[PDB]
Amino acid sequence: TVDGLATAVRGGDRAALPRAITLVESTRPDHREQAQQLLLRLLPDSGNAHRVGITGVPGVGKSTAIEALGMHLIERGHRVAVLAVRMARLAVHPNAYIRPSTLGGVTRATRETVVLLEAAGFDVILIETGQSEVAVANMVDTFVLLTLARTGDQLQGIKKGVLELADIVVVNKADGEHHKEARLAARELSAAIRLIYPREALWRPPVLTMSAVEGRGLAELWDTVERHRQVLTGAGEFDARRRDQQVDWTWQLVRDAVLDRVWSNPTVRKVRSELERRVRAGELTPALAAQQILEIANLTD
């Protein structure tokens, strides 16, 4: 009934999707293996969606923007899924799907859930965010960064480096007392994006203003998301980026499988503090501690 579970998802049965999602989220050894066979069957029905990541600090307005962008999209004929690596009026619609979420684990489960959703007819996948930003950037076509409409304080609370992940930057809460400040805060971020992408010819991250609580700027945000994709498609980079993500994910799964044998080893985990204390104190070289970790892992595996 895995062959059966695949025709039901592809045919649009909507009690079968939660179950296939449950199967994909399971890690019991018997489940991963059928989860794999299902994905394999549904994979050629995937890929026909725009995957958008969305990040920014708690309270920047992420879930308010997603709810509104979700409504905007549904009213335009899309079927929208929201995943997390809050929004009630979205969740009511028969054309929306909202599901709540170890980074390797949740990445795997999210990634595999996307294949299911795309096979199931969803054409827009919104994925909301520790090292979780990179993980989501690596599984989406357009990575969106929401920031604060405060001149000199846009990236408050943002891990450094995250700005370079963004295909689009959005100065949110451009309302109330900060209509004019929003514009200046945006122009400040543009200036910086211009220094970080000084001779980019294909896509330099545009910076938008938004008021996700007043529903202002979501349409323009989406117009920009579509534009990102027409630009990348016209240069052959859109499929090229996806194929490169799937190859990097493959090598990452290989990396995780082979390193978890070590990291996950109980003996390695008891002895870890002491070998580290010794390294930090220069009582032991890192090559020698590394060897000891390996010998020990190898004795108890």
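Throughout, we count residues from 1 along the sequence that is shown.
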Residues of the deposited chain absent from the coordinates between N138 and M139 total none
According to the PDB record, deposited residues with no modelled atoms between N95 and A96 number none
Per the PDB entry, mean CA B-factor is higher for 198-206 or 181-189, namely for 181-189
Higher of the two mean Cα B-factors (14-22, 278-286; per PDB record) comes from 14-22
For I74, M87, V85, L148, the deposited C-alpha B-factor is largest at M87
Reading the B-factor column for Cα atoms of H50, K62, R269, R241, the highest value belongs to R269
Chain thirds by Cα B factor, record data; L38 belongs to the highest
Chain-relative C-alpha B factor for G56 (record values, thirds): the lowest
Among the modelled residues of its chain, the C-alpha B-factor of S101 falls in the third labelled highest
Quick tally, chain-level thirds of C-alpha B-factors: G70 sits in the lowest
So, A91's CA B-factor, relative to its chain, sits in which third? The highest
